[PDB]
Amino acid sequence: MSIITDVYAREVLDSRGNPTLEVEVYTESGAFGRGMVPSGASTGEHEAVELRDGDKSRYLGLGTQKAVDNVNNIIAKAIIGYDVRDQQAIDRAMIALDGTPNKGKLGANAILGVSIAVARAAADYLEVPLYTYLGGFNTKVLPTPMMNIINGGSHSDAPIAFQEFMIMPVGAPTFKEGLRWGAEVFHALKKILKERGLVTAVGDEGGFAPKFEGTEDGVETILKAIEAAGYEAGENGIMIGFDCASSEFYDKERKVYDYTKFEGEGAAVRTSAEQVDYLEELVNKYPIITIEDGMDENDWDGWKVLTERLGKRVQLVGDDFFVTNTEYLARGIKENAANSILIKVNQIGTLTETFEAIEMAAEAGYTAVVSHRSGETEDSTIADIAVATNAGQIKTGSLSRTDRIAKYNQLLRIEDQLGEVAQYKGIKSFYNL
């Protein structure tokens, strides 16, 4: 009755028009779950591998017919017959079935698709909301969102090194209001960009990549839009964060942060020690609450110095530093590097391992920030994961494009359902600080 009778994958498209897959799970009783998988770029060899077809005549080699076949031909027969509620047993079964460390045989996308589909089918079976199924009875914290409002780095032609600039409505009373604050600042910013004759078309995540003069111009324009929408810049209103993605401009063989990469030949070329100083400059100069990948993915002492210097004032998120991998998170914790981790579900491949990463972080006093990918789908599972774990934060995009807005809407539904029980922690989300 609760027993899984069908597991079926198919090829669909992500928010960038590139193939991905979805899986559907049915129980004998007819309970249904669908899991869609986002795109996963790979950073190193120590991460779940998304399986692509490689046939360059078709979708530029980005097809997923192989992963789909793996679900239908290998995984389905293995998993069919399990109770839909045995999430852990099922995920482990799939890890063993693949038998390789990076889930490269069956594909991390095939495995995750099934993991999510089973969880959602289980919730449907039990007739409870997904966050309840994942987290148990004590789910209640709506996440303070960090919203990608301006893009730099490779996602831009402006002389800015940092990949993302985000706003966080840490001063809002509820998620619903916080979401409105973000939306309003976003519309004010669009208005400001039009006035300056800058481009208001959006990137993968719904933000702008305007031809600013440099990093200071960008930040100051965000501050402009924050004031224009009528909110405070600070802990009582809206604060700012970075995804530096500094690995993208780290010279491995010179061991220095080379800004000329993205900011032209006048740009600074900084040693780790100087990288930490520049970040500190910005933190003193601006209402910065969070900084992601401020150091290089393998610059472990650089991370240690940064954490020593700002770790008590600022959230420091390891994204490529940790790649949702508890082996790396464990070392960060031991070595006092970072105080936050970016959780990308498909960077690891199962919900079970995902939640293990979230718990390891939390128990070390680190925050876990559930994250979108560049290629998204109409799925909003990470909304439920964020609430399920009372994580307190989420990173799921700017305030346009349904590939982002779907998560925000789902969060609205969850808040609405929790009623008086819902909590929004704002600045108190940062228990790592």
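In this text, residue numbers run from 1 along the sequence as written.
For the segment pair 276-284 and 217-225, the entry gives 276-284 the higher mean B-factor, averaged over Cα atoms. In this crystal structure, the stretch out of 192-200 and 356-364 whose C-alpha atoms carry the higher mean B factor is 192-200.
Of all the options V185, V118, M166, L306, the entry's greatest CA B-factor is assigned to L306.
Looking only at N109, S156, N339, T290, the residue with the top Cα B factor in the deposited structure is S156.
In the deposited entry, the Cα temperature factor of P129 sits in the bottom third of values across the chain's modelled residues. Residue-level temperature factors show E248 in the highest third of its chain, judged at the C-alpha atom.
The deposited CA B-factor of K77 belongs to the middle third of values across its chain. Looking at the C-alpha B-factors along this chain, the one for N346 belongs to the middle third. Annotation for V141: C-alpha temperature factor in the lowest third relative to the rest of the modelled chain, per the entry.
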